[PDB]
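Student: structure, please.
(one chain, ligands or ions: 9)
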Amino acid sequence: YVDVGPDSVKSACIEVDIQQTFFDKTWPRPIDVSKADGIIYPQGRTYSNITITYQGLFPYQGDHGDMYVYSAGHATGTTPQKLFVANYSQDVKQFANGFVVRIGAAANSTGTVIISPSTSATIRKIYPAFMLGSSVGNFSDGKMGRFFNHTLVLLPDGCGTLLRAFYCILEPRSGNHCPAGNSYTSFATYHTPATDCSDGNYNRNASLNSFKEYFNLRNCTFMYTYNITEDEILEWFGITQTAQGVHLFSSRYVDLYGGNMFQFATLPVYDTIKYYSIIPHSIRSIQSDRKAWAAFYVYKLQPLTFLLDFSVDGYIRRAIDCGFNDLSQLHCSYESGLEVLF
Ligand SMILES: Nc1nc(=O)c2nc(CNc3ccc(C(=O)N[C@@H](CCC(=O)O)C(=O)O)cc3)cnc2[nH]1
Ligand SMILES: *[C@@H]1O[C@H](CO)[C@@H](O)[C@H](O)[C@H]1NC(C)=O
Ligand SMILES: *[C@@H]1O[C@H](CO)[C@@H](O)[C@H](O)[C@H]1NC(C)=O
Ligand SMILES: *[C@@H]1O[C@H](CO)[C@@H](O)[C@H](O)[C@H]1NC(C)=O
Ligand SMILES: *[C@@H]1O[C@H](CO)[C@@H](O)[C@H](O)[C@H]1NC(C)=O
Ligand SMILES: *[C@@H]1O[C@H](CO)[C@@H](O)[C@H](O)[C@H]1NC(C)=O
Ligand SMILES: *[C@@H]1O[C@H](CO)[C@@H](O)[C@H](O)[C@H]1NC(C)=O
Ligand SMILES: *[C@@H]1O[C@H](CO)[C@@H](O)[C@H](O)[C@H]1NC(C)=O
Ligand SMILES: *[C@@H]1O[C@H](CO)[C@@H](O)[C@H](O)[C@H]1NC(C)=O
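Tutor: Numbers count the residues shown, from 1 in each chain. Ligands and ions are numbered 1, 2, ... in the order given. Take a look at the structure below.
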């Protein structure tokens with residue numbers, strides 16, 4: 001097992017204010033595969049200057065997915081207070097074939113800082129966090145969302161300049177507001193920009209430290225880190241699992257400006273992932289310097305046959321969900337003539 005640093009010495013957990021109605025929004029970003037939304041590139045091949053049909057894992061055309069948003073926490077002036085989160089931890093979902101994620105799509109536009117609904121700001125990309133595992137249950141106080149045995153956690157850190165991936169047993173700590181203590185509402189992560197995101201030295205452990213206040217990590221088989229540099233370019237992230245382990249996908253390395261998803265990591269996770277949840281994050285900003293953080297959208301993958309159109313340089317710029325309707329199915333027919341198919 002790997003060392004992930006000592007246990008948190010913090011006596012209690014930061015209090016967490018759950019107010020789902022403040023996170024109920026109508027911000028639709030449905031899958032449009034004609035724009036190659038949510039496309040994992042064929043994993044074992046490359047294609048170029050050609051139109052094919054291909055059996056892969058894809059989201060449904062038009063699927064709205066599940067929207068998630070992170071918010072600045074409570075504050076009075078320069079003093080951050082309670083965290084402010086949605087009810088995501090108690091909403092455990094089926095992993096099935098995995099999923100893909102639209103990240104940062106609203107960045108640069110104007111949005112709300114959520115905690116103060118009428119306060120507006122320029123929207124900034126924020127990365128999502130996930131808890132995934134084999135079996136789930138309830139915390140001591142009866143709340144849902146506890147992952148048992150070894151659990152995969154994907155957690156951004158360093159103010160969005162790294163993604164952490166680790167596989168540990170999560171032992172809920174017993175302090176005040178912790179998942180095995182009094183007055184528990186939800187776990188969450190946080191960072192504090194005034195001390196964690198100073199220009200010179202970002203705190204690359206701030207989010208992990210916050211997580212370790214809610215859970216003690218035990219018998220970690222791995223702790224991986226992947227560097228990210230700062231920009232506001234939207235991205236796609238995907239995850240699947242085969243016998244080879246858990247596969248992480250991103251557009252950042254290979255198709256930063258186009259969105260196609262390519263594998264960048266394979267995690268030694270061989271117990272079947274059956275469940276996942278979204279880990280709420282709350283930013284401990286001062287009241288006067290709150291930001292608007294772009295919602296991300298999660299879409300489940302399904303075994304589907306897609307038409308895939310590859311540009312000359314080899315990237316997918318157009319797709320069709322063959323099974324979406326009869327007209328779409330004709331595009332994927334080698335006899336119809338609506339497309340020139342290989
Ligand atoms: N903090 C924060 N995060 C955000 O992501 C955010 N996003 C918005 C804006 N979100 C959206 C998203 C989609 C549409 C939109 O134009 N949707 C179409 C329908 C698209 C379809 O269903 O095909 C529409 O006409 O409403 C508008 C605003 C505003 N404040 C925010 N604030
Ligand atoms: C910070 O994170 C790294 C990478 O996971 C870990 O090795 C280290 O022990 C952590 N430091 C502390 C003080 O927890
Ligand atoms: C790509 O295919 C088109 C359509 O057949 C053709 O006109 C074009 O010359 C091809 N480009 C290259 C670089 O092969
Ligand atoms: C979270 O969602 C569950 C399921 O709908 C519900 O029973 C629970 O009361 C919710 N908690 C909060 C704080 O909204
Ligand atoms: C966990 O809590 C939910 C909500 O009350 C309940 O329906 C479910 O039966 C509980 N599971 C166990 C194993 O007690
Ligand atoms: C987690 O694993 C241990 C040992 O492998 C087992 O005793 C325990 O029952 C497991 N968790 C649950 C909720 O069963
Ligand atoms: C961690 O592993 C050791 C040896 O495999 C085992 O004795 C111990 O019980 C494990 N810890 C937990 C919390 O299961
Ligand atoms: C990742 O970032 C850290 C901190 O800036 C740096 O020390 C390390 O060399 C970087 N790794 C890569 C592969 O760029
Ligand atoms: C936001 O603006 C930057 C700089 O102009 C650009 O690189 C990025 O693609 C934009 N992001 C979105 C989601 O429009």
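Student: so the residue nearest in space to the middle of the chain: helix, strand or coil?
Tutor: In the chain, the C-alpha nearest the mean C-alpha coordinate belongs to residue 128, at 3.2 Å (C-alpha atoms, centre = their mean). Using DSSP: H, G, I helix; E, B strand; the rest coil, the secondary structure recorded for residue 128 is coil.
Student: so it touches residue 276, yeah?
Tutor: No - assessed by C-beta atoms under 8 Å, residue 128 is found out of contact with residue 276, at 11.0 Å. All C-beta spots, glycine's among them, are computed from the backbone N, C-alpha and C.
Student: and the residue of the stretch 201-342 of the chain nearest ligand 7?
Tutor: Closest to ligand 7 within the stretch 201-342 of the chain is residue 219: 3.8 Å, counting by C-beta to the nearest ligand atom.
Student: report the separation between that residue and residue 225.
Tutor: 19 Å (C-beta to C-beta, to the nearest Å).
Student: now do residue 70
Tutor: Taking C-beta to C-beta, one finds residue 70 at 21 Å from residue 225.
Student: the more surrounded of the two?
Tutor: residue 70 (27 against 14; other C-beta atoms under 10 Å).
Student: for the protein, which residues are neighbours of ligand 7?
Tutor: 169, 218, 219 (C-beta under 6 Å from any ligand atom).
Student: and the first one, that's in a strand?
Tutor: Yes - secondary structure of residue 169 (three-state DSSP): part of a strand.
Student: leaving aside the residues next to it on the chain, what's closest to it?
Tutor: residue 218 (4.2 Å; C-beta to C-beta, 6 or more residues apart in numbering).
Student: thought the one you found was touching residue 167?
Tutor: No - in this structure residue 218 lies outside contact range of residue 167 using C-beta under 8 Å: 11.1 Å.
Student: so for the two, which sits in the more crowded spot?
Tutor: residue 167 (23 against 13).
Student: residues in contact with residue 254?
Tutor: The contact partners of residue 254, taken as C-beta atoms under 8 Å, 6 or more residues apart in numbering, are 41, 260, 262.
Student: top of these by number of neighbours, please.
Tutor: Result: residue 41 is most packed of those (other C-beta under 10 Å), 23 neighbours.
Student: please tell me how far that residue sits from residue 110.
Tutor: For residue 41, the distance to residue 110 (C-beta to C-beta) stands at 33 Å.
Student: and residue 193, by the same measure?
Tutor: 20 Å.
Student: repeat for residue 79
Tutor: 27 Å.
Student: likewise for residue 203?
Tutor: Taking C-beta to C-beta, one finds residue 203 at 29 Å from residue 110.
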